[PDB]
Amino acid sequence: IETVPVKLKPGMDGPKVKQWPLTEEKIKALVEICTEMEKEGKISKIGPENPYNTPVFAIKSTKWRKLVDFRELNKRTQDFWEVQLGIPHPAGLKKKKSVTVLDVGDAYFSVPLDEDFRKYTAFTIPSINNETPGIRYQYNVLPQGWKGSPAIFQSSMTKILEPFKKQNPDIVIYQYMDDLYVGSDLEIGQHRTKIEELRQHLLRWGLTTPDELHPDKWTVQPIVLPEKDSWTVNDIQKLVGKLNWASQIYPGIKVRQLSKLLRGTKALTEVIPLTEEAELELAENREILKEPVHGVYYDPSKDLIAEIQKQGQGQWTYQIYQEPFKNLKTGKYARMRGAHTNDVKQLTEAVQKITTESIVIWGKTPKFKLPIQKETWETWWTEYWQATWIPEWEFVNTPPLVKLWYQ
Amino acid sequence: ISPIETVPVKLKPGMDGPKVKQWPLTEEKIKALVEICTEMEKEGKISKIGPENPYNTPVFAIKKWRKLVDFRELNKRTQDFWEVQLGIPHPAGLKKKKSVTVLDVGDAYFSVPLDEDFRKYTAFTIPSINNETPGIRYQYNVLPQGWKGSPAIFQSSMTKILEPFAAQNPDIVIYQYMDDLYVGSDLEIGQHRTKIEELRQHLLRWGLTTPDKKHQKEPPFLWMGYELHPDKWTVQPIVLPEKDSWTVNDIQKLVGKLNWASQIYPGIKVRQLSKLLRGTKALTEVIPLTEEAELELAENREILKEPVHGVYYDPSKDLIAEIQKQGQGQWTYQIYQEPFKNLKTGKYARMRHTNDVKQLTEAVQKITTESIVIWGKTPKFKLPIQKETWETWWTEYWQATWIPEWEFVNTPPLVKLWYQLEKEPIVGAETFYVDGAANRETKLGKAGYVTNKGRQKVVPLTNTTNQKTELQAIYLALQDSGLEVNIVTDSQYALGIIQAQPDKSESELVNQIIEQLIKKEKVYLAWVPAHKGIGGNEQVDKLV
Ligand SMILES: N#Cc1cc2c(Oc3ccccc3OCCC(=O)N3CCCC3)cccn2c1
């Protein structure tokens with residue numbers, strides 16, 4: 001079949017990212033996967049006149065799956081293949097009761113890739129101890145993880161989905177890289193059956209898929225002042241401090257009637273009853289903070305930023321914003337595993353959950369500010385990665401003195 | 001040359017070949033050049049060319065003579081290639097073989113053909129005496145010396161040439177490196193020499209000469225600064241100079257050899273010797289060998305006195321790494337499978353004022369990264385820290401940390417938490433309200449406190465900063481209080497430093513504070529907004 005020509009942004013050269021070292025077990029799994037793929041034509045070996053490179057990983061199930069990090073090639077191409085061949089994002093997917101994510105990446109592998117573009121898909125299987133220079137391939141078909149893949153395949157997709165859409169005009173279906181997000185309002189039992197209908201529709205049209213979110217609760221969580229029977233000076237001090245930090249986001253907080261209630265240099269465990277004029281501020285401020293902020297709108301031309309904080313006992317908090325203190329979403333991820341989980345596993349699930357929510361709500365993923373040493377993350381992140389996309393990220397240097405201010 | 005298929009090559013997008021000019025050269029040189037270009041043309045490596053080629057490249061001559069072509073202009077125009085190997089294999093990661101042979105191919109780049117449609121851009125010109133007769137035009141047919149493409153193309157040609165032989169000989173291991181091959185096998189020595197002799201015949205059929213047993217080298221092997229021996233490896237002998245005056249250049253070279261030696265000689269230190277180079281600009285400024293540096297240099301000389309060796313890898317045995325603390329942000333580790341032989345050693349030093357547990361975790365990370373590179377796996381860890389110590393620190397630390405499989409080793413120094421702050425304020429303990437302040441211009445300042453029991457103090461300070469006085473305040477309250485104390489500060493800086501729970505710092509003040517924190521029994525530190533009139537705090541800022 002005819003190939004869609006693919007051009008880079010003028011003046012942009014291809015990706016030249018360095019391949020990480022891998023476990024021997026991961027290397028062997030990759031060598032297997034690529035040996036079958038060369039055998040079916042999907043990839044081919046290349047000479048040294050190809051200088052490009054793109055990292056590769058092995059993840060999982062019990063099958064090893066291969067995972068190509070196409071973040072750099074995406075910036076250098078799809079940023080024009082979101083304009084020239086963009087897929088529009090539906091603002092009504094976040095509203096449905098139930099959303100199910102279905103993996104359809106297998107469809108891309110039939111379709112050939114533009115001849116002149118293949119060089120920029122180079123990747124290297126690494127060797128232990130620098131024994132060999134590396135095994136080098138490029139794609140001959142549309143790769144998973146590349147954002148131009150579902151761009152190119154979108155026409156085929158819109159055609160295969162049109163019969164299902166007519167018999168179900170109420171079911172929203174959005175494609176983001178390798179996945180279909182499908183949202184209904186049906187009862188869970190009906191929606192699930194309705195999901196198997198679309199699986200069988202796709203499967204009798206030649207798309208195999210190898211086989212639930214509720215974006216109703218998804219909001220910006222409210223800030224919680226502590227609820228105390230008696231208040232000490234330390235409690236008032238923690239309360240005054242938190243309330244003064246909130247003033248940067250909810251202007252209109254007042255504290256003068258609370259500062260007067262500690263007038264003399266009292267000891268730190270001294271209980272102090274709240275005056276009527278004091279309890280007026282605590283009540284007037286508990287209400288201006290249960291209502292959402294003003295002026296807080298998504299800007300499609302800016303980038304989303306996610307910040308995560310560790311909280312203790314498998315509890316993590318996050319905020320998604322674009323500008324400081326104008327949060328478009330905040331939440332709390334809690335992993336229940338019974339001390340069968342460590343921090344790095346939890347942070348990895350957290351990132352994946354935040355990224356999926358971000359995909360449903362805006363069709364874009366954020367860049368994460370991660371509370372973890374860089375080399376630690378670069379070493380263990382694939383151990384629990386289950387998604388086929390990879391968000392951009394970077395590593396936080398200084399802790400927050402604002403820890404309980406989100407709990 | 002060889003029947004190897006050529007690699008196709010392009011000039012960088014939008015660019016034409018080098019059209020440089022050949023400066024006239026002396027007479028006896030113009031002679032000795034053509035004595036090379038007629039021999040090289042006979043062997044098919046070059047080829048006289050007509051006028052139609054408009055490009056050129058300079059050519060020089062230098063000590064029998066030797067030809068030399070400055071390709072630096074053409075290198076700036078040729079496409080880029082896959083980068084050749086950056087790192088080299090580490091001896092600690094070779095598996096012992098019964099026999100290892102070293103083969104070096106001569107004229108390597110000249111034995112490999114150069115893609116046809118690109119040969120024109122290699123044109124050159126031997127000039128006529130007294131610039132009169134037309135110049136002798138030429139061009140290359142093979143990989144020229146010092147061209148951007150030559151190493152990567154040679155590598156992949158060699159790799160392809162090895163293919164039919166490796167397939168008929170799966171029992172033998174070949175390493176490629178620049179222009180060498182290193183062939184190992186677990187064959188009996190008579191079989192091994194026949195395989196080597198048939199490998200050489202194979203490579204000779206493809207146009208690559210190799211040495212015979214008359215010159216095939218022999219253990220031990222001097223390779224990239226190592227000594228490789230039949231069943232052990234070591235670094236090549238190190239020579240630490242003895243000078244009275246030390247140049248900035250000379251300190252760099254010395255640190256180099258010291259880092260190099262640390263992969264197998266345990267316990268090298270380089271902290272003091274490179275603290276010297278902290279404020280470096282000039283390469284030749286002489287530096288005083290400080291007292292602490294001279295002690296470390298003497299202690300390294302002690303370690304280097306007797307040689308020591310590393311073993312090679314055995315995949316059937318476990319991989320163990322063991323870590324010891326050395327004392328001033330300084331750590332040392334050994335990697336081994338057996339109790340009296342190490343695979344290798346090294347050190348971790350933290351730059352940038354952490355604590356012991358945070359540092360230990362960074363050292364574990366470095367080792368884990370290194371293990372993966374060298375052996376493709378992560379070691380089991382033997383660490384000088386109690387589990388309960390470590391569970392305590394990682395559960396309360398703001399970052400996520402991965403703690404691999406590890407078990408405790410009861411060798412002092414141990415890694416411990418030295419103090420810990422309180423989670424809630426203490427009862428029956430005096431509450432100090434500290435504050436401090438300086439002047440950015442004059443560098444005068446004051447620190448003091450105000451307590452709930454009406455005690456008060458203010459101390460004058462010279463040569464200080466708003467940061468340093470805020471820490472000075474907290475030191476004051478720790479000095480003048482009992483074994484249990486509540487401190488209340490309006491400074492997130494000072495709160496940040498103490499809440500980090502360091503155990504050493506590069507500022508003498510913070511060290512004294514750490515001493516008091518050890519001496520005390522319960523210390524609760526607490527924070528309030530500055531200049532918000534909280535009460536307790538409003539009265540200390542006035543005093544200061
Ligand atoms: N000059 C040099 C040189 C030699 C080697 C080298 O030898 C090997 C080649 C093939 C398989 C295993 C090998 O090494 C096995 C470990 C072993 O018992 N020995 C004994 C002396 C040499 C190492 C491998 C890599 C780089 N090289 C650099």
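Just the heavy atoms: all of them, side chains too, but no hydrogens, waters or symmetry mates, feed the values below. Proteins come first, then strands; the chains are lettered A, B, ... in the order of their sequence lines, and each starts at number 1.
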* To do: Measure across A:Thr265 and B:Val450 and return the closest heavy-atom pair with its distance rounded to 0.1 Å.
  => CG2-CG1, 4.0 Å
* To do: Please determine, among B:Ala429, B:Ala400, B:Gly376, the option with the most heavy-atom pairs under 4.5 Å with chain A.
  => B:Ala400
* Is the closest side-chain heavy-atom distance between A:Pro133 and B:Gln176 below 4.5 Å? -> no
* Check whether any side-chain heavy atom of B:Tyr175 sits under 4.5 Å from a side-chain heavy atom of A:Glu131, and report yes or no. => yes
* Verdict with supporting geometry, A:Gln313 and B:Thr395, side chain to side chain contact (heavy atoms under 4.5 Å, CB included) -> CA-CA 8 Å; A:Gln313 307 134 15; B:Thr395 54; over 6 Å; no
* Rounded to the nearest 0.5 Å, what's the gap from CD1 on B:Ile403 to OG1 on A:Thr376? Could you check? => 12.5 Å
* chain A interface, residue from B:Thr378, B:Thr361, B:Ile374 that has the most non-hydrogen pairs under 4.5 Å -> B:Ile374
* Looking at side-chain heavy atoms only, is the closest gap between A:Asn130 and B:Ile88 below 4.5 Å? -> no
* Structure fact -> Value for OG1 (B:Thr159) from CD1 (A:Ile135), rounded to nearest 0.5 Å, stands at 11.0 Å
* Structure fact -> dist A:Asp235:CG -> B:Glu424:CD (nearest 0.5 Å) comes out at 7.0 Å
* Structure fact -> Nearest heavy-atom approach of B:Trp82 to A:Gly134 is CH2-O, 3.7 Å
* **No-hydrogen, no-angle side-chain donor-acceptor test under 3.5 Å, A:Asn234 and B:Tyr524** => yes
* Side chains of A:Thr379 and B:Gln365: is there a donor and an acceptor less than 3.5 Å apart? -> yes
* Non-hydrogen atoms of B:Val373 and A:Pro21 that approach each other most closely -> CG2-CG, 3.8 Å
* To do: Working to the nearest 0.5 Å, report the span between CD of A:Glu375 and CD of B:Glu362.
  => 9.5 Å
* Minimum heavy-atom distance between B:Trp375 and A:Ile128, given as atom pair plus value -> C-CG2, 3.5 Å
* **Gap separating the CG atom of B:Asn452 from the CG atom of A:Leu268, nearest 0.5 angstrom** => 8.0 Å
* **B:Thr368 portion near chain A, given a 4.5 angstrom heavy-atom threshold** => side chain
* What is the ring orientation for B:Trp402 with A:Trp380, classed by angle as parallel under 30°, tilted 30 to 60°, or perpendicular over 60°? -> parallel
* Should B:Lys377 and A:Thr23 count as side-chain neighbours, where that means a heavy-atom distance under 4.5 Å? -> no
* To the nearest 0.5 Å, what is the distance between CG (A:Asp343) and OH (B:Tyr397)? -> 11.5 Å
* Structure fact -> Turns out that what part of B:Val9 lies under 4.5 Å from chain A's heavy atoms comes down to neither
* Asked: Are any non-hydrogen side-chain atoms of A:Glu49 and B:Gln79 less than 4.5 angstrom apart?
  -> yes
* To do: For the residue pair B:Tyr313 and A:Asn129, establish whether any side-chain heavy-atom pair is separated by less than 4.5 Å.
  => no
* Counterpart residues, side chain to side chain donor-acceptor pair (under 3.5 Å), relative to A:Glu24 (two or more places apart) -> none
